[PDB]
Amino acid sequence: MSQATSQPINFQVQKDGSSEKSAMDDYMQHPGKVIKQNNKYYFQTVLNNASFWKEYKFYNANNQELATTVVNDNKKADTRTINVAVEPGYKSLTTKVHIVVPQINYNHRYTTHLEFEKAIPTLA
């Protein structure tokens, strides 16, 4: 027996070292989703142009690692739905991404910070 609850949560990805919107925000669907499944919380988000996202790690503001799983690597849509393990009360994630766009020889590693519109809630 398991139980799951979800609700939308919006967010903005911002540039390393500022609050300016990052280019990364344009490559993710909005809003995302908070899921609670058997008293574990996840932030679920969808990566657009998924083939460009070669690596993506998430951390909390204290540098703890946040396990990231892939729900659906949708090759037909070129999207990727991922779950990031979070805790209620988190307000922002640090992300470290490796983006590769082979046809323009673009191969970059970035740090950004993903700011939730409001802290991750407790769900019933």
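All residue numbers are counted from 1 along the displayed sequence.
Higher mean CA B-factor, judged across 5-13 and 20-28 from the recorded values: 5-13. The mean Cα B-factor in the deposited entry runs higher for 30-38 than for the other of 30-38 and 79-87. Each of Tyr59, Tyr56, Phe43, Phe52 has a CA temperature factor in the record; the biggest one is found at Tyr56. Annotation for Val101: CA B-factor lies in the highest third of the chain's modelled residues.
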